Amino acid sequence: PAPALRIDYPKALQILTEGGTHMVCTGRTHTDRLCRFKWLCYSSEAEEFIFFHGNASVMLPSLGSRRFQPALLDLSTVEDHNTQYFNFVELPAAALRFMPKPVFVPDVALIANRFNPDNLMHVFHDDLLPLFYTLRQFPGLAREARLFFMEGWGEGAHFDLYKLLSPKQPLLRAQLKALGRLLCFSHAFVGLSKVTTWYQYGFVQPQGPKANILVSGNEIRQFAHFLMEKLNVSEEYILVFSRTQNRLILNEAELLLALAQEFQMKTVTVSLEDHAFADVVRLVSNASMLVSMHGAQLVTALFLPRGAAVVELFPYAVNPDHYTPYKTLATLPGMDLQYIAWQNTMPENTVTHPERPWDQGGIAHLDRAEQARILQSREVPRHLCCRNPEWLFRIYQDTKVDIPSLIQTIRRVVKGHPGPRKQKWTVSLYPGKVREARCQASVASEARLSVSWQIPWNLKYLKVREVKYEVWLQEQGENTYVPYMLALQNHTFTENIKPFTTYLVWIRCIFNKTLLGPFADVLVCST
């Protein structure tokens, strides 16, 4: 039994009225900024956060007019999206005399914007994963924070997933007008980290993977482990993730039997509509292979066990290489998932729906000349977000899957039985710097350059399959080097080494060809 401590109202009102708002934020740009506020206020009538200047006020960063070029920070994880900015208006703390008495929020708050709470992929990629690790950026937040979703949408189809990310009930912006005309957070954090994102949806360039992905499969799976425990989720089979409303697999029944016979495994169907989400996660987490049309439901592939296979199907005229949010997820370093893409290339096996509304892929609202152009094109061109008619027209086709071509496409990657072979998922880490690098000239001989060094310190405690040392030889005063790949820690160079010459020697250790370590301090050596 813990005390249900409320706010000490006279004390809080005095600290607010005399001291004012306090703000300390990270990062130097608005696209990578997280803010810690004390005594930040919000008027539910104006729908504006308020910074009150008092005698203890702090504003870091202090941007001046730059606070509106474009704003203070991104409230959502979609970078620089001009409808998801956060900012406040300023008033002197004395101006509280002209306002109703404030209502204080005792809970520590995390304020953020959900991008599209109706799409499972946006929920996981833009909100759930960023929230999970943003909370763990600051001590105490993970156990105490109440989420405040200010984007303006309702609960959405997946609100129960948002409730798993916090012990307290999250609040929407529309609910704040009932709490009071002037609300003041005693302790609030604002913003979401972009560190877990891997996709951009096509606002400035055609959609695709983020340029520099900073998340690995291990961090994805730690998040999945948490959600599975929250959902109370603790005969090998193939799982077909079905859709019931649009973008259908028209011969799903034939597909289930064909996969069952080809791989000699039980096949099972799952869908968002007919299964509770905890049951969906339960089925995915033990599946050896996940087969599904391109769509939001494939984001659940992050729950797949290591070693499982993802088979993504694409409708006619949809190039798999151009739409890769689930390919990128499946092939992240550390995810350890096989990825297979299959595209319908037979026009007799596709079903178009030109009469539907525009948001469902219809084209009847366009002029007859443009409809014929869309109908005659056999691949969606590269485009920008969000309502490209040809993209929607083709992505909401129904598909008859050519069974033998799908089987052969899978077999080029899954040569035998699918799923984990109970493999040893070794950790992949990098060497340290080589230590104590020394060098010597000849001991009337040729020109000789002999170099030696000690192994990296962490290699003292490592068992590694292949250890090599890349050595760069740069002659004094020249801008070019000669590379060497060596296995030993002691080498004497002779070929093309000149007498009475000084060389710059750079050394770095490499594990298994691809894991490059850092270079040590440069070694200067004369022959």
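From 1 onward, residues are counted along the sequence shown.
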Residues with no coordinates between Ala211 and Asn212, taken from the deposited sequence as a class | none
Residues with no coordinates between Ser234 and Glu235 in the deposited sequence, how many: none, 1 to 3, 4 to 9, or 10 or more?
-> 4 to 9
Stretch exceeding the other in mean C-alpha B-factor - 318-326, 414-422 = 414-422
Of 285-293 and 95-103, the stretch with the higher mean C-alpha B-factor in the deposited entry is 95-103
Which of these, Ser428, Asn116, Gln137, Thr77, has its C-alpha atom at the highest B-factor, as the entry lists it?
-> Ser428
Residue, from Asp367, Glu379, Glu219, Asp126, that the PDB entry assigns the highest Cα B-factor = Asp367
Using the B-factors in the PDB entry, rank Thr21's C-alpha atom against the chain and give the third, lowest, middle or highest.
-> lowest
Ranked against its chain, the third holding the CA B-factor of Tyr461 = highest
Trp506: C-alpha B-factor third of its chain, per the entry, is the middle
Relative to the other modelled residues in the chain, which third contains the C-alpha temperature factor of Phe263: lowest, middle or highest?
-> middle
Consider only the C-alpha atoms of the modelled residues in this chain, order them by B-factor as the entry records it, and name the third containing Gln454: lowest, middle or highest.
-> middle
